[PDB]
file target24.txt (compact mmCIF, N, CA and C atoms and all ligand atoms)
# COMPACT_ATOMS: atom_id res chain seq x y z
N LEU A 1 23.32 58.11 -30.71
CA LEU A 1 24.16 57.71 -31.85
C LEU A 1 23.94 56.26 -32.19
N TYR A 2 24.00 55.93 -33.47
CA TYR A 2 23.88 54.54 -33.92
C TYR A 2 25.05 54.13 -34.83
N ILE A 3 25.50 52.88 -34.72
CA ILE A 3 26.51 52.39 -35.64
C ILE A 3 26.11 51.03 -36.21
N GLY A 4 26.09 50.97 -37.55
CA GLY A 4 25.57 49.81 -38.27
C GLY A 4 26.56 48.67 -38.15
N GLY A 5 26.06 47.45 -38.28
CA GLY A 5 26.95 46.29 -38.18
C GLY A 5 27.82 46.12 -39.41
N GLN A 6 28.38 44.92 -39.59
CA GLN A 6 29.38 44.72 -40.65
C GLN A 6 29.49 43.25 -40.98
N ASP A 7 29.59 42.96 -42.28
CA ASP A 7 29.87 41.59 -42.74
C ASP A 7 31.36 41.36 -42.85
N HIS A 8 31.82 40.19 -42.43
CA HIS A 8 33.24 39.89 -42.48
C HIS A 8 33.84 39.98 -43.90
N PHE A 9 33.13 39.39 -44.87
CA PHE A 9 33.60 39.32 -46.23
C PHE A 9 35.03 38.79 -46.38
N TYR A 10 35.39 37.78 -45.59
CA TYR A 10 36.59 36.97 -45.87
C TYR A 10 36.41 36.43 -47.28
N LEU A 11 37.44 36.49 -48.11
CA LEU A 11 37.28 36.04 -49.50
C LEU A 11 36.92 34.55 -49.61
N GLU A 12 37.47 33.74 -48.73
CA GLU A 12 37.02 32.37 -48.55
C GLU A 12 35.93 32.29 -47.47
N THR A 13 34.75 31.85 -47.89
CA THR A 13 33.64 31.61 -46.98
C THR A 13 33.85 30.37 -46.10
N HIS A 14 32.87 30.09 -45.25
CA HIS A 14 32.87 28.91 -44.39
C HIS A 14 32.91 27.61 -45.16
N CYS A 15 33.68 26.66 -44.63
CA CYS A 15 33.89 25.40 -45.31
C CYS A 15 34.40 24.34 -44.35
N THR A 16 33.85 23.14 -44.48
CA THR A 16 34.26 21.96 -43.70
C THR A 16 34.18 20.70 -44.54
N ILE A 17 35.19 19.86 -44.43
CA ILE A 17 35.13 18.47 -44.87
C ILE A 17 35.15 17.57 -43.61
N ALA A 18 34.26 16.58 -43.56
CA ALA A 18 34.24 15.58 -42.48
C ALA A 18 34.45 14.19 -43.02
N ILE A 19 35.47 13.51 -42.51
CA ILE A 19 35.73 12.12 -42.88
C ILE A 19 35.35 11.15 -41.74
N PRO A 20 34.29 10.33 -41.91
CA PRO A 20 34.01 9.37 -40.83
C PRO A 20 34.86 8.11 -41.01
N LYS A 21 35.55 7.69 -39.95
CA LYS A 21 36.48 6.57 -40.08
C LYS A 21 35.85 5.19 -39.89
N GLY A 22 34.56 5.12 -39.59
CA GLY A 22 33.85 3.83 -39.40
C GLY A 22 34.22 3.05 -38.13
N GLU A 23 35.25 3.48 -37.41
CA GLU A 23 35.66 2.80 -36.18
C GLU A 23 35.42 3.70 -34.99
N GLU A 24 34.60 3.26 -34.04
CA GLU A 24 34.45 3.89 -32.72
C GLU A 24 34.03 5.34 -32.74
N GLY A 25 33.24 5.74 -33.73
CA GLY A 25 32.84 7.14 -33.83
C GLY A 25 33.92 8.12 -34.28
N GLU A 26 35.10 7.62 -34.62
CA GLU A 26 36.18 8.51 -35.08
C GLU A 26 35.77 9.34 -36.26
N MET A 27 36.19 10.59 -36.24
CA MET A 27 35.95 11.48 -37.33
C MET A 27 37.10 12.46 -37.41
N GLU A 28 37.52 12.73 -38.66
CA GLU A 28 38.59 13.67 -39.00
C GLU A 28 38.03 14.80 -39.88
N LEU A 29 38.23 16.04 -39.44
CA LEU A 29 37.64 17.20 -40.12
C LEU A 29 38.69 18.21 -40.58
N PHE A 30 38.49 18.73 -41.80
CA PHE A 30 39.30 19.83 -42.33
C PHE A 30 38.40 21.03 -42.38
N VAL A 31 38.79 22.10 -41.71
CA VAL A 31 37.87 23.21 -41.57
C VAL A 31 38.53 24.56 -41.56
N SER A 32 37.82 25.51 -42.15
CA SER A 32 38.26 26.88 -42.23
C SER A 32 37.79 27.53 -40.93
N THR A 33 38.55 27.35 -39.86
CA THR A 33 38.17 27.94 -38.58
C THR A 33 39.35 28.50 -37.80
N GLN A 34 39.03 29.49 -36.98
CA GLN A 34 39.95 30.06 -36.03
C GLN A 34 39.92 29.29 -34.70
N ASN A 35 39.01 28.32 -34.57
CA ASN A 35 38.72 27.67 -33.28
C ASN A 35 38.55 26.17 -33.43
N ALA A 36 39.65 25.48 -33.68
CA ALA A 36 39.61 24.02 -33.80
C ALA A 36 39.12 23.33 -32.51
N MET A 37 39.39 23.92 -31.34
CA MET A 37 38.91 23.32 -30.09
C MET A 37 37.38 23.27 -29.99
N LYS A 38 36.72 24.41 -30.11
CA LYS A 38 35.26 24.44 -30.09
C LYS A 38 34.68 23.67 -31.27
N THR A 39 35.35 23.70 -32.43
CA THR A 39 34.91 22.81 -33.51
C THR A 39 34.89 21.35 -33.04
N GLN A 40 36.00 20.88 -32.49
CA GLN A 40 36.11 19.50 -31.97
C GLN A 40 35.02 19.14 -30.91
N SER A 41 34.79 20.04 -29.95
CA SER A 41 33.80 19.83 -28.87
C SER A 41 32.37 19.79 -29.35
N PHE A 42 32.04 20.75 -30.20
CA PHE A 42 30.67 20.88 -30.67
C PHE A 42 30.32 19.64 -31.46
N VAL A 43 31.26 19.19 -32.30
CA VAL A 43 31.03 17.96 -33.09
C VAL A 43 30.90 16.72 -32.18
N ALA A 44 31.78 16.61 -31.20
CA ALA A 44 31.68 15.52 -30.21
C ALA A 44 30.33 15.50 -29.47
N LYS A 45 29.89 16.67 -29.00
CA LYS A 45 28.62 16.80 -28.31
C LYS A 45 27.44 16.44 -29.19
N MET A 46 27.45 16.87 -30.45
CA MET A 46 26.35 16.53 -31.33
C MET A 46 26.29 15.03 -31.61
N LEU A 47 27.44 14.41 -31.81
CA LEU A 47 27.50 12.97 -32.07
C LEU A 47 27.24 12.11 -30.82
N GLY A 48 27.45 12.67 -29.64
CA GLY A 48 27.32 11.92 -28.38
C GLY A 48 28.48 10.96 -28.23
N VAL A 49 29.68 11.50 -28.43
CA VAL A 49 30.92 10.73 -28.52
C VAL A 49 32.01 11.49 -27.73
N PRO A 50 32.99 10.78 -27.11
CA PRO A 50 34.01 11.58 -26.42
C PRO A 50 34.87 12.43 -27.36
N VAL A 51 35.38 13.53 -26.83
CA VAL A 51 36.19 14.46 -27.61
C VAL A 51 37.43 13.78 -28.27
N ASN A 52 38.05 12.84 -27.55
CA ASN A 52 39.23 12.12 -28.05
C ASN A 52 39.03 11.37 -29.38
N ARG A 53 37.78 11.31 -29.82
CA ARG A 53 37.40 10.66 -31.07
C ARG A 53 37.50 11.59 -32.29
N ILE A 54 37.48 12.89 -32.04
CA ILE A 54 37.30 13.89 -33.09
C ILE A 54 38.62 14.61 -33.33
N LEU A 55 39.05 14.62 -34.59
CA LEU A 55 40.29 15.29 -34.94
C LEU A 55 40.00 16.43 -35.92
N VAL A 56 40.44 17.65 -35.59
CA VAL A 56 40.24 18.84 -36.45
C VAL A 56 41.59 19.37 -36.97
N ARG A 57 41.66 19.55 -38.28
CA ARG A 57 42.88 20.00 -38.93
C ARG A 57 42.62 21.30 -39.65
N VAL A 58 43.49 22.28 -39.40
CA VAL A 58 43.37 23.60 -39.99
C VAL A 58 44.70 24.01 -40.58
N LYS A 59 44.75 24.04 -41.91
CA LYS A 59 45.95 24.46 -42.57
C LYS A 59 45.97 25.99 -42.66
N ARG A 60 44.99 26.55 -43.37
CA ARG A 60 44.90 28.01 -43.54
C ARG A 60 43.47 28.44 -43.82
N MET A 61 43.21 29.72 -43.57
CA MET A 61 41.92 30.28 -43.85
C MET A 61 42.16 31.38 -44.83
N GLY A 62 41.24 31.52 -45.78
CA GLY A 62 41.23 32.70 -46.63
C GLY A 62 40.54 33.89 -45.97
N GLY A 63 41.10 34.40 -44.87
CA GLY A 63 40.39 35.36 -44.02
C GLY A 63 39.57 34.68 -42.92
N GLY A 64 39.50 35.34 -41.75
CA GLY A 64 38.69 34.91 -40.58
C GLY A 64 38.06 36.15 -39.95
N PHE A 65 38.91 37.06 -39.47
CA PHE A 65 38.51 38.37 -38.95
C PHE A 65 37.53 38.29 -37.78
N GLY A 66 37.51 37.14 -37.10
CA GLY A 66 36.60 36.97 -35.97
C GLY A 66 35.37 36.19 -36.39
N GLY A 67 35.08 36.18 -37.69
CA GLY A 67 33.90 35.51 -38.19
C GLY A 67 33.96 33.99 -38.17
N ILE B 1 61.29 -32.82 -24.91
CA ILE B 1 61.07 -31.65 -24.12
C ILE B 1 62.27 -30.74 -24.28
N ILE B 2 61.99 -29.46 -24.52
CA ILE B 2 63.04 -28.52 -24.88
C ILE B 2 62.85 -27.19 -24.14
N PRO B 3 63.95 -26.62 -23.62
CA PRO B 3 63.85 -25.32 -22.97
C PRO B 3 64.22 -24.17 -23.91
N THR B 4 63.91 -22.93 -23.53
CA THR B 4 64.51 -21.78 -24.22
C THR B 4 64.79 -20.57 -23.33
N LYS B 5 65.88 -19.87 -23.62
CA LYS B 5 66.09 -18.53 -23.08
C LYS B 5 66.21 -17.57 -24.25
N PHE B 6 65.74 -16.33 -24.08
CA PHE B 6 65.76 -15.36 -25.17
C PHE B 6 66.02 -13.96 -24.62
N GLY B 7 67.12 -13.31 -25.05
CA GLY B 7 67.51 -11.99 -24.57
C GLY B 7 66.60 -10.83 -24.99
N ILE B 8 66.23 -9.98 -24.03
CA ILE B 8 65.29 -8.88 -24.26
C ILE B 8 65.98 -7.51 -24.32
N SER B 9 65.95 -6.92 -25.52
CA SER B 9 66.44 -5.57 -25.85
C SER B 9 66.87 -5.56 -27.29
N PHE B 10 66.90 -4.38 -27.89
CA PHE B 10 67.58 -4.19 -29.15
C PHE B 10 69.10 -4.31 -28.92
N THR B 11 69.79 -5.07 -29.76
CA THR B 11 71.24 -5.24 -29.60
C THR B 11 72.04 -4.03 -30.08
N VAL B 12 71.37 -3.14 -30.81
CA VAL B 12 71.89 -1.80 -31.02
C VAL B 12 71.42 -0.93 -29.84
N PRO B 13 72.35 -0.42 -28.99
CA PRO B 13 71.89 0.25 -27.75
C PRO B 13 70.96 1.46 -27.95
N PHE B 14 71.22 2.27 -28.98
CA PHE B 14 70.43 3.49 -29.19
C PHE B 14 68.96 3.31 -29.59
N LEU B 15 68.55 2.12 -30.03
CA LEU B 15 67.15 1.85 -30.36
C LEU B 15 66.27 1.66 -29.11
N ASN B 16 66.88 1.44 -27.95
CA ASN B 16 66.09 1.22 -26.72
C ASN B 16 65.67 2.54 -26.11
N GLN B 17 64.81 3.24 -26.83
CA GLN B 17 64.28 4.52 -26.40
C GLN B 17 62.86 4.62 -26.93
N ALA B 18 62.04 5.43 -26.27
CA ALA B 18 60.62 5.43 -26.52
C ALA B 18 59.95 6.67 -25.99
N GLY B 19 59.16 7.29 -26.86
CA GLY B 19 58.33 8.45 -26.53
C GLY B 19 56.82 8.22 -26.57
N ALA B 20 56.09 9.04 -25.80
CA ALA B 20 54.65 9.03 -25.77
C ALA B 20 54.23 10.49 -25.79
N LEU B 21 52.99 10.76 -26.22
CA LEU B 21 52.37 12.09 -26.11
C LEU B 21 50.94 11.90 -25.62
N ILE B 22 50.55 12.63 -24.58
CA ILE B 22 49.19 12.48 -24.05
C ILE B 22 48.49 13.81 -23.91
N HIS B 23 47.25 13.87 -24.38
CA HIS B 23 46.38 15.01 -24.20
C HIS B 23 45.18 14.60 -23.38
N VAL B 24 44.77 15.44 -22.44
CA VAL B 24 43.48 15.27 -21.80
C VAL B 24 42.63 16.43 -22.27
N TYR B 25 41.52 16.14 -22.95
CA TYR B 25 40.60 17.18 -23.43
C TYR B 25 39.64 17.61 -22.32
N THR B 26 38.85 18.66 -22.56
CA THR B 26 38.17 19.33 -21.46
C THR B 26 36.92 18.62 -21.02
N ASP B 27 36.51 17.58 -21.74
CA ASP B 27 35.48 16.68 -21.23
C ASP B 27 36.14 15.56 -20.42
N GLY B 28 37.44 15.68 -20.15
CA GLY B 28 38.20 14.63 -19.47
C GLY B 28 38.59 13.39 -20.28
N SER B 29 38.16 13.30 -21.55
CA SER B 29 38.59 12.19 -22.41
C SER B 29 40.08 12.32 -22.71
N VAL B 30 40.75 11.19 -22.88
CA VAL B 30 42.19 11.18 -22.96
C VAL B 30 42.66 10.60 -24.32
N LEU B 31 43.60 11.28 -24.98
CA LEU B 31 44.17 10.73 -26.22
C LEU B 31 45.63 10.39 -26.02
N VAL B 32 45.94 9.11 -26.15
CA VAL B 32 47.29 8.62 -26.00
C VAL B 32 47.88 8.34 -27.36
N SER B 33 49.13 8.77 -27.53
CA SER B 33 49.89 8.49 -28.72
C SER B 33 51.27 8.09 -28.26
N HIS B 34 51.83 7.08 -28.88
CA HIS B 34 53.17 6.61 -28.53
C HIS B 34 53.80 6.12 -29.83
N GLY B 35 55.09 5.81 -29.79
CA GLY B 35 55.84 5.42 -30.99
C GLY B 35 55.59 4.01 -31.53
N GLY B 36 54.95 3.15 -30.74
CA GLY B 36 54.67 1.78 -31.17
C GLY B 36 53.55 1.71 -32.20
N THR B 37 53.57 0.67 -33.02
CA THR B 37 52.48 0.35 -33.95
C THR B 37 51.76 -0.95 -33.54
N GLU B 38 50.51 -1.08 -33.98
CA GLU B 38 49.69 -2.27 -33.78
C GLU B 38 49.75 -3.20 -35.00
N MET B 39 50.24 -4.42 -34.78
CA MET B 39 50.24 -5.41 -35.84
C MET B 39 49.41 -6.62 -35.50
N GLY B 40 48.62 -6.51 -34.44
CA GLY B 40 47.82 -7.63 -33.95
C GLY B 40 48.25 -8.14 -32.58
N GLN B 41 49.31 -7.56 -32.02
CA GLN B 41 49.92 -8.12 -30.83
C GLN B 41 49.23 -7.57 -29.59
N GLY B 42 48.34 -6.60 -29.81
CA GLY B 42 47.62 -5.94 -28.73
C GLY B 42 48.43 -4.95 -27.90
N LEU B 43 49.35 -4.23 -28.56
CA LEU B 43 50.13 -3.14 -27.98
C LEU B 43 49.23 -1.99 -27.51
N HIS B 44 48.32 -1.55 -28.38
CA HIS B 44 47.46 -0.45 -27.98
C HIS B 44 46.54 -0.90 -26.82
N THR B 45 46.03 -2.13 -26.89
CA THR B 45 45.25 -2.66 -25.78
C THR B 45 46.06 -2.57 -24.47
N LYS B 46 47.28 -3.10 -24.47
CA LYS B 46 48.18 -2.98 -23.31
C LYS B 46 48.50 -1.55 -22.86
N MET B 47 48.65 -0.62 -23.82
CA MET B 47 48.93 0.77 -23.47
C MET B 47 47.73 1.49 -22.84
N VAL B 48 46.52 1.13 -23.26
CA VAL B 48 45.31 1.65 -22.64
C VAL B 48 45.21 1.10 -21.20
N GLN B 49 45.56 -0.17 -21.01
CA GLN B 49 45.49 -0.76 -19.67
C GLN B 49 46.51 -0.13 -18.72
N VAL B 50 47.68 0.22 -19.24
CA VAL B 50 48.73 0.86 -18.45
C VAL B 50 48.29 2.29 -18.10
N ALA B 51 47.70 2.99 -19.08
CA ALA B 51 47.34 4.39 -18.89
C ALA B 51 46.21 4.51 -17.86
N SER B 52 45.23 3.62 -17.97
CA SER B 52 44.09 3.56 -17.09
C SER B 52 44.55 3.28 -15.67
N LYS B 53 45.53 2.40 -15.51
CA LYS B 53 46.07 2.11 -14.19
C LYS B 53 46.88 3.29 -13.66
N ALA B 54 47.71 3.89 -14.51
CA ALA B 54 48.54 5.01 -14.09
C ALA B 54 47.69 6.26 -13.73
N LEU B 55 46.65 6.54 -14.50
CA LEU B 55 45.79 7.69 -14.24
C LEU B 55 44.68 7.44 -13.19
N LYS B 56 44.38 6.18 -12.91
CA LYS B 56 43.30 5.81 -11.99
C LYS B 56 41.95 6.25 -12.54
N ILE B 57 41.72 5.95 -13.83
CA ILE B 57 40.44 6.21 -14.49
C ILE B 57 40.05 4.99 -15.32
N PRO B 58 38.74 4.84 -15.64
CA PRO B 58 38.29 3.71 -16.48
C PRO B 58 38.91 3.71 -17.88
N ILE B 59 39.06 2.52 -18.46
CA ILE B 59 39.58 2.42 -19.82
C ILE B 59 38.72 3.18 -20.84
N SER B 60 37.42 3.25 -20.57
CA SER B 60 36.46 3.87 -21.49
C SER B 60 36.71 5.39 -21.75
N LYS B 61 37.50 6.03 -20.89
CA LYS B 61 37.88 7.44 -21.04
C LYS B 61 39.22 7.65 -21.79
N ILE B 62 39.84 6.56 -22.24
CA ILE B 62 41.16 6.60 -22.87
C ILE B 62 41.09 6.04 -24.28
N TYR B 63 41.83 6.64 -25.20
CA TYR B 63 41.77 6.17 -26.59
C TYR B 63 43.11 6.25 -27.28
N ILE B 64 43.41 5.23 -28.09
CA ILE B 64 44.57 5.26 -28.97
C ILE B 64 44.10 5.11 -30.40
N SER B 65 44.38 6.14 -31.19
CA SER B 65 43.88 6.24 -32.54
C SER B 65 44.80 5.65 -33.60
N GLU B 66 46.08 6.02 -33.54
CA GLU B 66 47.04 5.69 -34.61
C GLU B 66 48.43 6.08 -34.13
N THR B 67 49.42 5.69 -34.92
CA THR B 67 50.80 6.05 -34.71
C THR B 67 51.10 7.07 -35.81
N1 LIG C 101 44.92 38.90 -43.20
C1 LIG C 101 44.26 38.82 -42.04
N2 LIG C 101 44.65 39.52 -40.97
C2 LIG C 101 43.99 39.46 -39.80
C3 LIG C 101 42.85 38.53 -39.57
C4 LIG C 101 42.45 37.86 -40.83
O1 LIG C 101 41.39 37.02 -40.88
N3 LIG C 101 43.20 38.00 -41.94
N4 LIG C 101 41.85 39.01 -38.64
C5 LIG C 101 42.29 39.90 -37.58
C6 LIG C 101 41.76 39.49 -36.21
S1 LIG C 101 40.13 39.54 -35.96
MO1 LIG C 101 39.58 38.59 -33.87
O2 LIG C 101 39.73 39.13 -31.87
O3 LIG C 101 39.16 36.61 -33.93
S2 LIG C 101 37.67 39.85 -33.69
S3 LIG C 101 41.89 38.94 -33.65
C7 LIG C 101 42.56 39.10 -35.20
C8 LIG C 101 44.03 38.82 -35.46
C9 LIG C 101 44.39 37.42 -34.99
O4 LIG C 101 45.74 37.11 -35.34
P1 LIG C 101 46.97 37.38 -34.37
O5 LIG C 101 47.21 38.83 -34.62
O6 LIG C 101 46.46 37.06 -32.98
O7 LIG C 101 47.98 36.39 -34.88
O8 LIG C 101 44.40 38.89 -36.86
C10 LIG C 101 43.84 40.03 -37.48
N5 LIG C 101 44.43 40.18 -38.78
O1 LIG C 102 68.60 -6.96 -31.42
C1 LIG C 102 67.48 -7.15 -31.96
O2 LIG C 102 66.73 -8.12 -31.71
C2 LIG C 102 67.02 -6.18 -33.00
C3 LIG C 102 65.73 -6.31 -33.49
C4 LIG C 102 65.32 -5.41 -34.45
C5 LIG C 102 66.18 -4.41 -34.94
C6 LIG C 102 67.49 -4.23 -34.48
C7 LIG C 102 67.94 -5.11 -33.49
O3 LIG C 102 69.22 -4.99 -33.02
call {"tool": "encode", "arguments": {"input": "target24.txt", "output": "structure tokens", "more": "lines below"}}
Ligand code: XAX
Ligand SMILES: O=C(O)c1ccccc1O
result
Amino acid sequence: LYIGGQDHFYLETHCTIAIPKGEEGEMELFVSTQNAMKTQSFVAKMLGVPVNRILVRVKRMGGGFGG
Amino acid sequence: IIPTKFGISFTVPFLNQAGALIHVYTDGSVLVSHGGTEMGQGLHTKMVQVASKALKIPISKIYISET
């Protein structure tokens, strides 16, 4: 038996705004995510900066569904 | 030559209260937040020094972003 995959089709697609604060690697992000923690870590790791520098804000998502 | 004495506390008793909030993220970096503001007096500098002493970790792992 086979079962085909599936697209999430959340009406709102992926989206991020990043604000760099110019001081000490600080960055503030607005993002359509179910996972602000991994968002914060992945961004810290890419920048080579401690996690305490990165702030992620999530008001609402237009759908997530695991995607 | 002149001396001075100066009383320490708010003369309204209920103002002598103070909160802090601390997060340690999973890379061990620390985010300190407290009710004080920075106006140049080096409050945040002093709070990082207190936190580093209280936690027994280097100052470089501790951060104060804003009030
Ligand atoms: N309207 C709406 N309803 C939704 C979601 C959504 O995006 N929009 N998605 C699902 C998913 S998919 Mo998942 O384990 O990350 S694979 S768990 C999960 C679930 C997560 O929300 P709690 O029930 O824990 O509050 O919401 C459900 N209902
Ligand atoms: O007693 C003070 O010095 C004081 C200072 C600021 C605000 C309220 C106060 O009572």
call {"tool": "residues_near_ligand", "arguments": {"input": "target24.txt", "ligand": "ligand LIG 101 (chain C)", "cutoff": "6 Å", "atoms": "only C-alpha atoms and all ligand atoms", "output": "PyMOL selection string"}}
result
chain A and resi 63-66
call {"tool": "select_by_dssp", "arguments": {"input": "target24.txt", "residues": "chain B", "states": "alpha helix (DSSP H)", "output": "PyMOL selection string"}}
result
chain B and resi 43-55
call {"tool": "residues_near_ligand", "arguments": {"input": "target24.txt", "ligand": "ligand LIG 102 (chain C)", "cutoff": "8 Å", "atoms": "only C-alpha atoms and all ligand atoms", "output": "ChimeraX atom specification"}}
result
/B:8-13,15
call {"tool": "interface_residues", "arguments": {"input": "target24.txt", "of": "chain A", "to": "chain B", "cutoff": "7 Å", "atoms": "only C-alpha atoms", "output": "ChimeraX atom specification"}}
result
/A:50-52
call {"tool": "residues_around", "arguments": {"input": "target24.txt", "residues": "residue 33 in chain B", "least_positions_apart": "3", "cutoff": "6 Å", "atoms": "all atoms listed in the file", "output": "list in words"}}
result
residues 19, 20, 21, 22 and 64 of chain B
call {"tool": "closest_residue", "arguments": {"input": "target24.txt", "among": "A:6, A:47, A:31, A:38", "to": "residue 18 in chain A", "atoms": "all atoms listed in the file"}}
result
A:31
call {"tool": "residues_around", "arguments": {"input": "target24.txt", "residues": "residue 66 in chain B", "least_positions_apart": "5", "cutoff": "10 Å", "atoms": "only C-alpha atoms", "output": "PDB file with N, CA and C atoms, in the frame of the given file"}}
result
ATOM      1  N   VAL B  32      45.940   9.110 -26.150  1.00  0.00           N
ATOM      2  CA  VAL B  32      47.290   8.620 -26.000  1.00  0.00           C
ATOM      3  C   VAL B  32      47.880   8.340 -27.360  1.00  0.00           C
ATOM      4  N   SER B  33      49.130   8.770 -27.530  1.00  0.00           N
ATOM      5  CA  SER B  33      49.890   8.490 -28.720  1.00  0.00           C
ATOM      6  C   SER B  33      51.270   8.090 -28.260  1.00  0.00           C
ATOM      7  N   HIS B  34      51.830   7.080 -28.880  1.00  0.00           N
ATOM      8  CA  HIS B  34      53.170   6.610 -28.530  1.00  0.00           C
ATOM      9  C   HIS B  34      53.800   6.120 -29.830  1.00  0.00           C
ATOM     10  N   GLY B  35      55.090   5.810 -29.790  1.00  0.00           N
ATOM     11  CA  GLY B  35      55.840   5.420 -30.990  1.00  0.00           C
ATOM     12  C   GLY B  35      55.590   4.010 -31.530  1.00  0.00           C
ATOM     13  N   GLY B  36      54.950   3.150 -30.740  1.00  0.00           N
ATOM     14  CA  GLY B  36      54.670   1.780 -31.170  1.00  0.00           C
ATOM     15  C   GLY B  36      53.550   1.710 -32.200  1.00  0.00           C
ATOM     16  N   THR B  37      53.570   0.670 -33.020  1.00  0.00           N
ATOM     17  CA  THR B  37      52.480   0.350 -33.950  1.00  0.00           C
ATOM     18  C   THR B  37      51.760  -0.950 -33.540  1.00  0.00           C
ATOM     19  N   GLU B  38      50.510  -1.080 -33.980  1.00  0.00           N
ATOM     20  CA  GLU B  38      49.690  -2.270 -33.780  1.00  0.00           C
ATOM     21  C   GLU B  38      49.750  -3.200 -35.000  1.00  0.00           C
ATOM     22  N   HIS B  44      48.320  -1.550 -28.380  1.00  0.00           N
ATOM     23  CA  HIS B  44      47.460  -0.450 -27.980  1.00  0.00           C
ATOM     24  C   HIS B  44      46.540  -0.900 -26.820  1.00  0.00           C
TER      25      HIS B  44
END
call {"tool": "residues_near_point", "arguments": {"input": "target24.txt", "point": "(37.0, 17.1, -32.4)", "cutoff": "6.5 Å", "atoms": "only N, CA and C atoms", "output": "list in words"}}
result
residues 39, 40, 41, 43, 44, 51, 53, 54, 55 and 56 of chain A
call {"tool": "atom_distance", "arguments": {"input": "target24.txt", "atom1": "atom C of residue 58 in chain A", "atom2": "CA of residue 14 in chain A"}}
result
13.4 Å
call {"tool": "select_by_dssp", "arguments": {"input": "target24.txt", "residues": "chain B", "states": "strand (DSSP E)", "output": "JSON, numbers by chain"}}
result
{"B": [20, 21, 22, 23, 24, 30, 31, 32, 33, 34, 62, 63, 64]}
call {"tool": "atom_distance", "arguments": {"input": "target24.txt", "atom1": "CA of residue 22 in chain A", "atom2": "CA of residue 42 in chain A"}}
result
19.4 Å
call {"tool": "atom_distance", "arguments": {"input": "target24.txt", "atom1": "atom N of residue 49 in chain A", "atom2": "atom N of residue 27 in chain A"}}
result
10.2 Å
call {"tool": "decode", "arguments": {"input": "target24.txt", "residues": "range 11-43 of chain B", "atoms": "C-alpha atoms", "output": "PDB file, in the first residue's frame"}}
result
ATOM      1  CA  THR B  11       9.980  58.109  52.046  1.00  0.00           C
ATOM      2  CA  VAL B  12       6.788  56.567  50.743  1.00  0.00           C
ATOM      3  CA  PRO B  13       7.120  53.038  52.280  1.00  0.00           C
ATOM      4  CA  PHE B  14       5.359  51.101  49.479  1.00  0.00           C
ATOM      5  CA  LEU B  15       7.851  52.188  46.756  1.00  0.00           C
ATOM      6  CA  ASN B  16      10.658  50.169  48.426  1.00  0.00           C
ATOM      7  CA  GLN B  17       9.937  47.033  46.457  1.00  0.00           C
ATOM      8  CA  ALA B  18      11.618  45.475  43.462  1.00  0.00           C
ATOM      9  CA  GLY B  19      11.209  42.618  41.007  1.00  0.00           C
ATOM     10  CA  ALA B  20      13.532  40.760  38.629  1.00  0.00           C
ATOM     11  CA  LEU B  21      12.925  38.073  35.965  1.00  0.00           C
ATOM     12  CA  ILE B  22      15.688  35.700  34.827  1.00  0.00           C
ATOM     13  CA  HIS B  23      15.829  33.157  32.022  1.00  0.00           C
ATOM     14  CA  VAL B  24      18.654  30.757  31.340  1.00  0.00           C
ATOM     15  CA  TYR B  25      18.505  29.558  27.714  1.00  0.00           C
ATOM     16  CA  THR B  26      19.665  26.116  26.623  1.00  0.00           C
ATOM     17  CA  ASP B  27      23.083  27.267  25.467  1.00  0.00           C
ATOM     18  CA  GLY B  28      23.480  28.442  29.100  1.00  0.00           C
ATOM     19  CA  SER B  29      23.308  32.161  28.152  1.00  0.00           C
ATOM     20  CA  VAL B  30      21.394  34.192  30.712  1.00  0.00           C
ATOM     21  CA  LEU B  31      18.849  37.023  30.220  1.00  0.00           C
ATOM     22  CA  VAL B  32      18.289  39.286  33.192  1.00  0.00           C
ATOM     23  CA  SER B  33      15.422  41.714  33.420  1.00  0.00           C
ATOM     24  CA  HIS B  34      14.606  43.865  36.427  1.00  0.00           C
ATOM     25  CA  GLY B  35      12.463  46.952  37.140  1.00  0.00           C
ATOM     26  CA  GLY B  36      15.329  49.487  37.098  1.00  0.00           C
ATOM     27  CA  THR B  37      16.226  51.680  34.107  1.00  0.00           C
ATOM     28  CA  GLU B  38      19.662  52.808  32.831  1.00  0.00           C
ATOM     29  CA  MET B  39      20.233  56.560  32.742  1.00  0.00           C
ATOM     30  CA  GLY B  40      24.022  56.448  32.726  1.00  0.00           C
ATOM     31  CA  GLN B  41      24.512  55.461  36.356  1.00  0.00           C
ATOM     32  CA  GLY B  42      25.638  51.951  35.427  1.00  0.00           C
ATOM     33  CA  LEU B  43      22.727  50.052  37.029  1.00  0.00           C
TER      34      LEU B  43
END
